[PDB]
file coords_13.txt (compact mmCIF, N, CA and C atoms)
# COMPACT_ATOMS: atom_id res chain seq x y z
N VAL N 779 0.83 -1.22 0.00
CA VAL N 779 0.00 0.00 0.00
C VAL N 779 0.86 1.26 0.00
N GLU N 780 1.99 1.24 0.71
CA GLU N 780 2.85 2.41 0.87
C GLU N 780 3.87 2.55 -0.28
N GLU N 781 4.35 1.44 -0.87
CA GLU N 781 5.05 1.46 -2.16
C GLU N 781 4.16 2.09 -3.24
N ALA N 782 2.90 1.64 -3.33
CA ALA N 782 1.92 2.17 -4.28
C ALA N 782 1.62 3.66 -4.03
N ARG N 783 1.58 4.11 -2.77
CA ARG N 783 1.45 5.54 -2.42
C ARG N 783 2.65 6.35 -2.89
N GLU N 784 3.87 5.92 -2.57
CA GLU N 784 5.08 6.65 -2.97
C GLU N 784 5.23 6.72 -4.49
N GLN N 785 5.02 5.61 -5.20
CA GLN N 785 5.17 5.55 -6.66
C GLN N 785 4.13 6.43 -7.38
N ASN N 786 2.90 6.51 -6.87
CA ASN N 786 1.86 7.41 -7.38
C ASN N 786 2.28 8.89 -7.29
N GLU N 787 2.90 9.31 -6.18
CA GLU N 787 3.42 10.68 -6.04
C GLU N 787 4.73 10.91 -6.81
N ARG N 788 5.64 9.92 -6.88
CA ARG N 788 6.88 9.99 -7.69
C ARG N 788 6.59 10.22 -9.17
N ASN N 789 5.60 9.52 -9.73
CA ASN N 789 5.16 9.68 -11.12
C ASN N 789 4.60 11.08 -11.45
N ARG N 790 4.41 11.97 -10.47
CA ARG N 790 3.87 13.33 -10.66
C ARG N 790 4.95 14.42 -10.75
N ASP N 791 6.23 14.10 -10.55
CA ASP N 791 7.34 15.01 -10.84
C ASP N 791 7.70 15.03 -12.34
N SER N 792 8.02 16.21 -12.86
CA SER N 792 8.54 16.42 -14.21
C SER N 792 10.06 16.22 -14.34
N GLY N 793 10.83 16.29 -13.25
CA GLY N 793 12.28 16.05 -13.26
C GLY N 793 12.64 14.56 -13.38
N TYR N 794 12.01 13.73 -12.55
CA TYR N 794 12.12 12.26 -12.50
C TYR N 794 12.07 11.60 -13.89
N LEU N 795 11.18 12.08 -14.77
CA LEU N 795 10.99 11.58 -16.13
C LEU N 795 12.28 11.58 -16.97
N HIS N 796 13.16 12.55 -16.71
CA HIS N 796 14.45 12.80 -17.37
C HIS N 796 15.51 11.73 -17.03
N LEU N 797 15.41 11.09 -15.86
CA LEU N 797 16.31 10.05 -15.37
C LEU N 797 15.91 8.63 -15.80
N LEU N 798 14.67 8.41 -16.27
CA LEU N 798 14.14 7.08 -16.58
C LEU N 798 14.97 6.29 -17.61
N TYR N 799 15.64 6.98 -18.55
CA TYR N 799 16.60 6.37 -19.49
C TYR N 799 17.66 5.50 -18.80
N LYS N 800 18.06 5.86 -17.57
CA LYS N 800 19.09 5.19 -16.77
C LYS N 800 18.54 4.37 -15.59
N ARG N 801 17.22 4.16 -15.51
CA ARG N 801 16.62 3.30 -14.48
C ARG N 801 17.12 1.84 -14.64
N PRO N 802 17.47 1.13 -13.55
CA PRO N 802 17.51 -0.33 -13.56
C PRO N 802 16.10 -0.91 -13.80
N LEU N 803 15.99 -2.24 -13.88
CA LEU N 803 14.70 -2.91 -13.80
C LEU N 803 14.01 -2.54 -12.47
N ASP N 804 12.68 -2.60 -12.42
CA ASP N 804 12.01 -2.63 -11.12
C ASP N 804 12.29 -3.99 -10.45
N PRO N 805 12.26 -4.09 -9.11
CA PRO N 805 12.64 -5.31 -8.41
C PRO N 805 11.75 -6.52 -8.73
N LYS N 806 10.50 -6.32 -9.19
CA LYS N 806 9.61 -7.41 -9.62
C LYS N 806 10.03 -7.94 -11.00
N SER N 807 10.32 -7.06 -11.95
CA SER N 807 10.83 -7.42 -13.28
C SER N 807 12.18 -8.14 -13.19
N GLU N 808 13.11 -7.68 -12.35
CA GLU N 808 14.36 -8.43 -12.17
C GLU N 808 14.16 -9.72 -11.36
N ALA N 809 13.32 -9.76 -10.32
CA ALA N 809 13.03 -11.01 -9.62
C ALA N 809 12.45 -12.08 -10.56
N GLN N 810 11.59 -11.70 -11.51
CA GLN N 810 11.11 -12.61 -12.56
C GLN N 810 12.23 -13.03 -13.52
N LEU N 811 13.17 -12.14 -13.88
CA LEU N 811 14.34 -12.50 -14.68
C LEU N 811 15.29 -13.45 -13.93
N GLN N 812 15.51 -13.24 -12.64
CA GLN N 812 16.30 -14.12 -11.78
C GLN N 812 15.62 -15.49 -11.60
N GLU N 813 14.30 -15.55 -11.45
CA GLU N 813 13.52 -16.80 -11.45
C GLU N 813 13.61 -17.53 -12.80
N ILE N 814 13.47 -16.82 -13.92
CA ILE N 814 13.66 -17.38 -15.27
C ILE N 814 15.07 -17.96 -15.45
N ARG N 815 16.12 -17.25 -14.98
CA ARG N 815 17.51 -17.74 -14.99
C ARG N 815 17.69 -18.98 -14.10
N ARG N 816 17.10 -18.99 -12.89
CA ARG N 816 17.14 -20.12 -11.94
C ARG N 816 16.45 -21.35 -12.51
N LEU N 817 15.24 -21.19 -13.05
CA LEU N 817 14.47 -22.26 -13.68
C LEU N 817 15.16 -22.79 -14.94
N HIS N 818 15.74 -21.93 -15.77
CA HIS N 818 16.51 -22.34 -16.95
C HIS N 818 17.70 -23.22 -16.57
N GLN N 819 18.50 -22.81 -15.58
CA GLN N 819 19.62 -23.61 -15.09
C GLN N 819 19.15 -24.92 -14.42
N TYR N 820 18.04 -24.91 -13.66
CA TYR N 820 17.45 -26.13 -13.08
C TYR N 820 16.97 -27.12 -14.15
N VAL N 821 16.17 -26.66 -15.12
CA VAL N 821 15.67 -27.47 -16.24
C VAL N 821 16.82 -28.01 -17.10
N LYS N 822 17.93 -27.27 -17.19
CA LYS N 822 19.17 -27.71 -17.84
C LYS N 822 19.92 -28.79 -17.05
N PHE N 823 20.08 -28.65 -15.73
CA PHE N 823 20.73 -29.67 -14.90
C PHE N 823 19.89 -30.94 -14.82
N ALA N 824 18.61 -30.85 -14.45
CA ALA N 824 17.74 -32.02 -14.30
C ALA N 824 17.56 -32.84 -15.61
N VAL N 825 17.75 -32.23 -16.79
CA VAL N 825 17.87 -32.96 -18.07
C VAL N 825 19.11 -33.85 -18.13
N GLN N 826 20.26 -33.37 -17.64
CA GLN N 826 21.51 -34.12 -17.55
C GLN N 826 21.43 -35.17 -16.44
N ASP N 827 21.00 -34.78 -15.24
CA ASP N 827 20.87 -35.65 -14.07
C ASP N 827 19.98 -36.87 -14.37
N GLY W 419 -8.21 8.11 -17.96
CA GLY W 419 -9.17 8.55 -18.98
C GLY W 419 -8.65 9.42 -20.14
N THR W 420 -7.40 9.91 -20.12
CA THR W 420 -6.98 11.03 -21.01
C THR W 420 -5.59 10.88 -21.66
N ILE W 421 -5.08 9.67 -21.86
CA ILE W 421 -3.72 9.42 -22.40
C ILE W 421 -3.77 8.69 -23.75
N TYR W 422 -2.84 9.02 -24.66
CA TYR W 422 -2.53 8.22 -25.85
C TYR W 422 -1.38 7.25 -25.53
N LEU W 423 -1.55 5.97 -25.87
CA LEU W 423 -0.48 4.96 -25.82
C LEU W 423 0.75 5.41 -26.63
N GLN W 424 1.95 5.11 -26.13
CA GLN W 424 3.21 5.39 -26.80
C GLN W 424 3.93 4.11 -27.22
N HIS W 425 4.87 4.24 -28.16
CA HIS W 425 5.58 3.10 -28.75
C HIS W 425 6.44 2.34 -27.73
N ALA W 426 6.92 3.02 -26.69
CA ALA W 426 7.61 2.41 -25.56
C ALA W 426 6.70 1.42 -24.80
N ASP W 427 5.44 1.78 -24.57
CA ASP W 427 4.48 0.96 -23.80
C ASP W 427 4.09 -0.31 -24.57
N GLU W 428 3.87 -0.17 -25.88
CA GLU W 428 3.73 -1.30 -26.80
C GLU W 428 4.94 -2.25 -26.73
N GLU W 429 6.16 -1.71 -26.76
CA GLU W 429 7.40 -2.50 -26.75
C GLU W 429 7.74 -3.09 -25.37
N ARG W 430 7.27 -2.46 -24.28
CA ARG W 430 7.33 -2.94 -22.89
C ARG W 430 6.39 -4.12 -22.69
N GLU W 431 5.13 -4.00 -23.11
CA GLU W 431 4.15 -5.08 -23.01
C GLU W 431 4.60 -6.33 -23.79
N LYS W 432 5.13 -6.14 -25.01
CA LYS W 432 5.72 -7.22 -25.83
C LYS W 432 6.95 -7.87 -25.18
N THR W 433 7.64 -7.17 -24.28
CA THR W 433 8.80 -7.69 -23.54
C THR W 433 8.34 -8.47 -22.30
N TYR W 434 7.39 -7.94 -21.52
CA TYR W 434 6.85 -8.64 -20.35
C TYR W 434 6.03 -9.88 -20.74
N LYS W 435 5.25 -9.85 -21.83
CA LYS W 435 4.56 -11.05 -22.36
C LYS W 435 5.51 -12.12 -22.90
N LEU W 436 6.73 -11.74 -23.31
CA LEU W 436 7.78 -12.71 -23.64
C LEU W 436 8.32 -13.38 -22.37
N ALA W 437 8.52 -12.62 -21.28
CA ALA W 437 8.89 -13.16 -19.97
C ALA W 437 7.78 -14.05 -19.36
N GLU W 438 6.50 -13.65 -19.44
CA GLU W 438 5.34 -14.48 -19.04
C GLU W 438 5.34 -15.83 -19.76
N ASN W 439 5.49 -15.84 -21.09
CA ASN W 439 5.45 -17.07 -21.87
C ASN W 439 6.69 -17.96 -21.63
N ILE W 440 7.86 -17.36 -21.38
CA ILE W 440 9.09 -18.08 -21.00
C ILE W 440 8.97 -18.69 -19.59
N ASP W 441 8.47 -17.93 -18.61
CA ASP W 441 8.21 -18.40 -17.24
C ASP W 441 7.19 -19.55 -17.23
N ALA W 442 6.05 -19.34 -17.89
CA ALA W 442 5.00 -20.34 -18.03
C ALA W 442 5.43 -21.56 -18.87
N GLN W 443 6.46 -21.45 -19.73
CA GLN W 443 7.06 -22.61 -20.40
C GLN W 443 8.06 -23.33 -19.49
N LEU W 444 8.95 -22.61 -18.81
CA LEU W 444 9.93 -23.17 -17.89
C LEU W 444 9.28 -23.92 -16.72
N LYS W 445 8.22 -23.38 -16.12
CA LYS W 445 7.49 -24.03 -15.03
C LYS W 445 6.73 -25.29 -15.47
N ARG W 446 6.34 -25.39 -16.76
CA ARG W 446 5.90 -26.66 -17.36
C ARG W 446 7.07 -27.61 -17.55
N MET W 447 8.15 -27.21 -18.23
CA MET W 447 9.32 -28.07 -18.45
C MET W 447 9.94 -28.61 -17.15
N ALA W 448 9.88 -27.84 -16.05
CA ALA W 448 10.27 -28.28 -14.71
C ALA W 448 9.31 -29.32 -14.09
N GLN W 449 8.01 -29.25 -14.41
CA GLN W 449 7.02 -30.26 -14.00
C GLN W 449 7.06 -31.50 -14.91
N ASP W 450 7.24 -31.35 -16.23
CA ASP W 450 7.52 -32.45 -17.16
C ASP W 450 8.69 -33.32 -16.63
N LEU W 451 9.77 -32.67 -16.18
CA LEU W 451 10.90 -33.32 -15.52
C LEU W 451 10.52 -33.95 -14.17
N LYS W 452 9.72 -33.27 -13.34
CA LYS W 452 9.27 -33.78 -12.03
C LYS W 452 8.42 -35.05 -12.17
N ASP W 453 7.48 -35.09 -13.11
CA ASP W 453 6.68 -36.29 -13.42
C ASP W 453 7.57 -37.44 -13.93
N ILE W 454 8.55 -37.14 -14.80
CA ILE W 454 9.53 -38.13 -15.28
C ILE W 454 10.33 -38.73 -14.11
N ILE W 455 10.73 -37.91 -13.13
CA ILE W 455 11.47 -38.29 -11.91
C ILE W 455 10.58 -39.05 -10.91
N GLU W 456 9.32 -38.65 -10.72
CA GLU W 456 8.39 -39.37 -9.84
C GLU W 456 8.10 -40.77 -10.38
N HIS W 457 7.93 -40.91 -11.71
CA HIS W 457 7.88 -42.19 -12.43
C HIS W 457 9.24 -42.93 -12.51
N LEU W 458 10.32 -42.39 -11.95
CA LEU W 458 11.64 -43.02 -11.84
C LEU W 458 11.88 -43.53 -10.40
N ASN W 459 11.41 -42.80 -9.39
CA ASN W 459 11.46 -43.25 -7.99
C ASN W 459 10.37 -44.28 -7.67
N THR W 460 9.17 -44.16 -8.25
CA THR W 460 8.04 -45.08 -7.96
C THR W 460 8.17 -46.44 -8.63
N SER W 461 8.85 -46.54 -9.78
CA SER W 461 9.14 -47.83 -10.44
C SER W 461 10.04 -48.73 -9.59
N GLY W 462 10.92 -48.14 -8.78
CA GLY W 462 11.82 -48.83 -7.86
C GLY W 462 11.18 -49.35 -6.56
N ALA W 463 9.87 -49.18 -6.34
CA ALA W 463 9.19 -49.48 -5.08
C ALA W 463 8.28 -50.74 -5.16
N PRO W 464 8.70 -51.92 -4.65
CA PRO W 464 7.91 -53.15 -4.78
C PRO W 464 6.69 -53.16 -3.85
N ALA W 465 5.49 -53.12 -4.44
CA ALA W 465 4.22 -52.92 -3.75
C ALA W 465 3.60 -54.20 -3.13
N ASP W 466 4.40 -55.03 -2.46
CA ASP W 466 3.92 -56.15 -1.64
C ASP W 466 4.57 -56.09 -0.24
N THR W 467 3.75 -55.81 0.77
CA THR W 467 4.16 -55.69 2.18
C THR W 467 4.11 -57.01 2.96
N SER W 468 3.83 -58.14 2.30
CA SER W 468 3.95 -59.48 2.90
C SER W 468 5.39 -60.01 2.95
N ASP W 469 6.32 -59.40 2.20
CA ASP W 469 7.69 -59.90 2.09
C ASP W 469 8.58 -59.58 3.32
N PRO W 470 9.21 -60.59 3.94
CA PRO W 470 10.05 -60.40 5.12
C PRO W 470 11.46 -59.88 4.81
N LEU U 644 0.11 -1.82 -8.24
CA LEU U 644 1.55 -1.66 -8.47
C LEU U 644 1.92 -1.84 -9.96
N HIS U 645 1.21 -2.70 -10.68
CA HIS U 645 1.43 -2.93 -12.11
C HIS U 645 0.93 -1.75 -12.97
N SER U 646 -0.18 -1.11 -12.60
CA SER U 646 -0.64 0.14 -13.25
C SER U 646 0.25 1.34 -12.92
N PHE U 647 0.81 1.43 -11.71
CA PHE U 647 1.71 2.53 -11.33
C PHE U 647 3.11 2.46 -11.98
N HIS U 648 3.40 1.42 -12.76
CA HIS U 648 4.61 1.31 -13.60
C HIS U 648 4.33 1.36 -15.11
N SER U 649 3.07 1.38 -15.57
CA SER U 649 2.77 1.31 -17.02
C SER U 649 2.87 2.65 -17.77
N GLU U 650 2.78 3.79 -17.08
CA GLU U 650 2.72 5.14 -17.69
C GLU U 650 4.10 5.75 -18.06
N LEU U 651 5.18 4.96 -18.05
CA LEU U 651 6.56 5.45 -18.26
C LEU U 651 6.86 5.69 -19.76
N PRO U 652 7.21 6.92 -20.20
CA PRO U 652 7.14 7.30 -21.62
C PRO U 652 8.24 6.74 -22.54
N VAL U 653 9.33 6.18 -22.00
CA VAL U 653 10.49 5.70 -22.77
C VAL U 653 11.04 4.40 -22.14
N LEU U 654 11.70 3.56 -22.94
CA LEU U 654 12.43 2.37 -22.47
C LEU U 654 13.84 2.72 -21.98
N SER U 655 14.17 2.32 -20.76
CA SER U 655 15.49 2.47 -20.14
C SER U 655 16.58 1.60 -20.80
N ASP U 656 17.84 1.82 -20.43
CA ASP U 656 18.94 0.90 -20.77
C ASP U 656 18.72 -0.54 -20.29
N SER U 657 18.00 -0.75 -19.18
CA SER U 657 17.79 -2.08 -18.61
C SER U 657 16.59 -2.81 -19.22
N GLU U 658 15.50 -2.11 -19.56
CA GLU U 658 14.36 -2.68 -20.30
C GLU U 658 14.80 -3.22 -21.67
N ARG U 659 15.61 -2.44 -22.40
CA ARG U 659 16.13 -2.83 -23.73
C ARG U 659 17.09 -4.01 -23.68
N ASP U 660 17.85 -4.17 -22.60
CA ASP U 660 18.87 -5.21 -22.51
C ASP U 660 18.38 -6.49 -21.82
N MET U 661 17.39 -6.42 -20.91
CA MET U 661 16.57 -7.59 -20.57
C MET U 661 15.85 -8.13 -21.81
N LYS U 662 15.34 -7.26 -22.69
CA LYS U 662 14.74 -7.66 -23.97
C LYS U 662 15.72 -8.43 -24.87
N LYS U 663 17.02 -8.16 -24.84
CA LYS U 663 18.02 -8.98 -25.57
C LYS U 663 18.12 -10.38 -24.99
N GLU U 664 18.19 -10.49 -23.67
CA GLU U 664 18.28 -11.80 -23.01
C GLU U 664 17.01 -12.64 -23.21
N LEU U 665 15.83 -12.04 -23.05
CA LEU U 665 14.53 -12.67 -23.32
C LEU U 665 14.35 -13.08 -24.79
N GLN U 666 15.02 -12.42 -25.74
CA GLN U 666 15.06 -12.85 -27.14
C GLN U 666 16.05 -14.00 -27.41
N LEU U 667 17.01 -14.25 -26.51
CA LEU U 667 17.99 -15.34 -26.63
C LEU U 667 17.47 -16.67 -26.04
N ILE U 668 16.75 -16.59 -24.91
CA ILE U 668 16.27 -17.76 -24.16
C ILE U 668 15.38 -18.71 -24.99
N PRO U 669 14.44 -18.26 -25.85
CA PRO U 669 13.59 -19.15 -26.65
C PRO U 669 14.33 -20.19 -27.50
N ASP U 670 15.52 -19.88 -28.03
CA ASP U 670 16.28 -20.86 -28.81
C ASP U 670 17.04 -21.86 -27.92
N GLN U 671 17.41 -21.46 -26.70
CA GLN U 671 17.91 -22.39 -25.69
C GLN U 671 16.79 -23.30 -25.17
N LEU U 672 15.57 -22.77 -24.99
CA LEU U 672 14.37 -23.56 -24.72
C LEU U 672 14.02 -24.51 -25.87
N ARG U 673 14.30 -24.15 -27.13
CA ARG U 673 14.15 -25.06 -28.28
C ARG U 673 15.10 -26.25 -28.19
N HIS U 674 16.32 -26.08 -27.67
CA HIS U 674 17.26 -27.19 -27.44
C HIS U 674 16.90 -28.00 -26.19
N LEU U 675 16.62 -27.36 -25.05
CA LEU U 675 16.18 -28.04 -23.82
C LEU U 675 14.87 -28.82 -24.03
N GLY U 676 13.91 -28.25 -24.76
CA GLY U 676 12.65 -28.88 -25.15
C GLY U 676 12.76 -29.91 -26.28
N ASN U 677 13.98 -30.19 -26.76
CA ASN U 677 14.31 -31.41 -27.51
C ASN U 677 15.11 -32.39 -26.64
N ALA U 678 16.00 -31.91 -25.76
CA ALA U 678 16.74 -32.74 -24.82
C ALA U 678 15.80 -33.52 -23.88
N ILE U 679 14.76 -32.88 -23.30
CA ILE U 679 13.71 -33.57 -22.54
C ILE U 679 13.10 -34.71 -23.38
N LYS U 680 12.72 -34.46 -24.64
CA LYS U 680 12.15 -35.50 -25.53
C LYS U 680 13.13 -36.63 -25.82
N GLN U 681 14.41 -36.33 -25.98
CA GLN U 681 15.46 -37.32 -26.19
C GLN U 681 15.64 -38.21 -24.95
N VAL U 682 15.56 -37.63 -23.74
CA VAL U 682 15.62 -38.36 -22.47
C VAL U 682 14.33 -39.15 -22.20
N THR U 683 13.15 -38.62 -22.55
CA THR U 683 11.89 -39.39 -22.53
C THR U 683 11.96 -40.58 -23.49
N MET U 684 12.34 -40.37 -24.75
CA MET U 684 12.45 -41.47 -25.73
C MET U 684 13.55 -42.49 -25.38
N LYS U 685 14.57 -42.09 -24.61
CA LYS U 685 15.55 -42.98 -23.98
C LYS U 685 14.88 -43.86 -22.92
N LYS U 686 14.13 -43.26 -21.99
CA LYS U 686 13.31 -43.95 -20.97
C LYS U 686 12.29 -44.91 -21.61
N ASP U 687 11.51 -44.46 -22.60
CA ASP U 687 10.56 -45.30 -23.36
C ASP U 687 11.23 -46.55 -23.95
N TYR U 688 12.42 -46.39 -24.53
CA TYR U 688 13.19 -47.46 -25.16
C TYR U 688 13.78 -48.44 -24.13
N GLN U 689 14.29 -47.92 -23.01
CA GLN U 689 14.84 -48.71 -21.91
C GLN U 689 13.73 -49.50 -21.20
N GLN U 690 12.62 -48.85 -20.84
CA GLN U 690 11.47 -49.46 -20.18
C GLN U 690 10.86 -50.58 -21.05
N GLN U 691 10.63 -50.33 -22.35
CA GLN U 691 10.20 -51.39 -23.27
C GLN U 691 11.23 -52.52 -23.45
N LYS U 692 12.53 -52.29 -23.19
CA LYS U 692 13.56 -53.34 -23.19
C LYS U 692 13.67 -54.10 -21.86
call {"tool": "encode", "arguments": {"input": "coords_13.txt", "output": "structure tokens"}}
result
Amino acid sequence: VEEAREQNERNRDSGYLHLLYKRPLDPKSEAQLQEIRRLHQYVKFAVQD
Amino acid sequence: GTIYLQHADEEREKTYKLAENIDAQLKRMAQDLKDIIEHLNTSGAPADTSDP
Amino acid sequence: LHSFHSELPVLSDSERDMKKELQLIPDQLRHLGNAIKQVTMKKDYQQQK
């Protein structure tokens, strides 16, 4: 609820928009990429095993 | 109520739907492997409890 | 939280480069999704023997 509150107010600055070119992934998008990497390596090992 | 879609948002949705389809494929391929493994451990189990 | 990230007007350096990795994984899944079938058809052949 409080992440959603802060992000709603952050999206209302005009300066912030200028930095978005250099943003990392959001932590949910990278956690899904890390899960995809983990599952890919698991599905690769268990095929050999 | 008052925005036009931009080419970035189209290209972002096409990127996240590629991650959705990859995740939903990997979690199947991991269960395809799990069923193959469960059918590898259960074949080794002799189902008669009368044997001493 | 998913709507509070959709209004961003440009793709970052990290969105574009996660998109490179996500474009590479499908052809590795094409090989892994044949390796599973090769190991299944190995099991089918061994079990029938």
call {"tool": "residues_around", "arguments": {"input": "coords_13.txt", "residues": "residue 798 of chain N", "least_positions_apart": "6", "cutoff": "7 Å", "atoms": "all atoms listed in the file", "output": "PyMOL selection string"}}
result
chain U and resi 653-656
call {"tool": "closest_residue", "arguments": {"input": "coords_13.txt", "among": "W:441, W:427, W:453, W:469", "to": "chain U", "atoms": "only C-alpha atoms"}}
result
W:427
call {"tool": "residues_around", "arguments": {"input": "coords_13.txt", "residues": "segment 671-678 of chain U", "least_positions_apart": "3", "cutoff": "7 Å", "atoms": "all atoms listed in the file", "output": "tab-separated table (two decimals) with N, CA and C atoms, keeping the file's coordinate frame"}}
result
chain	number	residue	atom	x	y	z
N	821	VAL	N	16.17	-26.66	-15.12
N	821	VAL	CA	15.67	-27.47	-16.24
N	821	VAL	C	16.82	-28.01	-17.10
N	822	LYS	N	17.93	-27.27	-17.19
N	822	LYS	CA	19.17	-27.71	-17.84
N	822	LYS	C	19.92	-28.79	-17.05
N	825	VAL	N	17.75	-32.23	-16.79
N	825	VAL	CA	17.87	-32.96	-18.07
N	825	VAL	C	19.11	-33.85	-18.13
U	667	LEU	N	17.01	-14.25	-26.51
U	667	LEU	CA	17.99	-15.34	-26.63
U	667	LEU	C	17.47	-16.67	-26.04
U	668	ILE	N	16.75	-16.59	-24.91
U	668	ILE	CA	16.27	-17.76	-24.16
U	668	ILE	C	15.38	-18.71	-24.99
U	681	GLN	N	14.41	-36.33	-25.98
U	681	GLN	CA	15.46	-37.32	-26.19
U	681	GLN	C	15.64	-38.21	-24.95
U	682	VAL	N	15.56	-37.63	-23.74
U	682	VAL	CA	15.62	-38.36	-22.47
U	682	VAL	C	14.33	-39.15	-22.20
U	683	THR	N	13.15	-38.62	-22.55
U	683	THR	CA	11.89	-39.39	-22.53
U	683	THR	C	11.96	-40.58	-23.49
call {"tool": "closest_residue", "arguments": {"input": "coords_13.txt", "among": "N:786, N:780, N:812, N:794", "to": "chain U", "atoms": "all atoms listed in the file"}}
result
N:786
call {"tool": "axis_aligned_box", "arguments": {"input": "coords_13.txt", "around": "segment 455-466 of chain W", "padding_each_side": "3 Å", "output": "JSON"}}
result
{"center_x": 7.7, "center_y": -47.0, "center_z": -6.7, "size_x": 14.3, "size_y": 24.2, "size_z": 18.9}
